[PDB]
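This document starts with one chain, in the form deposited in one PDB entry, laid out as structure tokens.
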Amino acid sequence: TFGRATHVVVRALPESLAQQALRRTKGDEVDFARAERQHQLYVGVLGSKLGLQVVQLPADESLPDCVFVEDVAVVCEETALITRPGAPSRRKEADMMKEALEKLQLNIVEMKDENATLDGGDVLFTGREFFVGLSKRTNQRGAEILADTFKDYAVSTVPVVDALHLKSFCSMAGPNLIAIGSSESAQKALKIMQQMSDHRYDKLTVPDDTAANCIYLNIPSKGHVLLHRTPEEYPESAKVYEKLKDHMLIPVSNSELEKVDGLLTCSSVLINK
């Protein structure tokens, strides 16, 4: 079942994130205490409200981006790909992720090739196939290693030109539903993804590209659940999500981590055991 999960890996925010995490925009400073509250609530939704078993990794102050666990592993069925992140300052985040995923009894494949890089944020898994963004973080060799790892799924690539990652402007919002931004760049990427597949996806188009990043889960006794950005943060995109009477909708605040380019998917790795 697409979107089913039983377990989630998350990682605590280091104090060094506020000043030292990588960020493309040098805008408003991070309110660290508020970022911590937003992470607490996020983890609480996944564990307490939705009932997932949470594995919470400790912060490492030497790894200011270590909260962004998505980028260090891609999990599909019983297999985990431990990535070689594109940013050198993030590579040692793989160490504790590999240990956590071993302890969850997944089959582990490590991206060792020193000519390969891949961030998990560049990977869109639809349930039927993978789309991998080629970005400043993820190269062709990384995409090839992903394809080799998940041999039972088609893997196609798409250029990421004007954002950090593919999932900076898209995500799955349901079993056949791709949430997508409205910018020229997001729409160009969507059209390439659609041209590379023989499967017809539905789309949930939102006016704020980064509000297209959402988390879909299929949870027993709750059904089709969608975590999406709040009306306070993106009022015009929240109006689109709010029309989805076919989902259980959970607004989740993320203002502070978006200052360092993290959206909703970035702070968890979901696992179905």
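Each residue number is its position in the shown sequence, starting from 1. Only residues modelled in both forms are compared. Take the two forms, superpose them, and find the largest set of C-alpha atoms that agree within 1.5 Å; that set is the rigid core.
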property	result
Which of 138 to 146 and 69 to 77 has higher mean CA B factor, as the PDB entry lists it	138 to 146
Average Cα temperature factor in the PDB entry - higher stretch of 33 to 41, 219 to 227	219 to 227
Out of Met172, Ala186, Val123, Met111, residue topping the C-alpha B-factor column of the entry	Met111
Position of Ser48 among the chain's modelled residues by C-alpha B-factor, lowest, middle or highest third	middle
Chain-relative CA temperature factor third for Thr265	lowest
Position of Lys273 among the chain's modelled residues by C-alpha B-factor, lowest, middle or highest third	highest
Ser168 CA temperature factor, ranked by third within the chain	lowest
Position of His247 among the chain's modelled residues by C-alpha B-factor, lowest, middle or highest third	lowest
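Missing here is the form deposited in another entry; even so, the following discussion is about that form.
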{"item": "Of the candidates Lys245, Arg34, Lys26, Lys239, the only Cα that travels 2 Å or more between this form and the one not shown, given a rigid-core fit", "value": "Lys26"}
{"item": "Residue pair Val30, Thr25 - Cα distance in the other form, closer or farther (3 Å or more)", "value": "closer"}
{"item": "Inter-Cα distance between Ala211 and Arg23 in the other form, nearer or further [3 Å or more]", "value": "farther"}
{"item": "Regions of at least 3 residues displaced between this form and the one not shown by 2 angstroms or more (CA, core superposed)", "value": "19 to 26"}
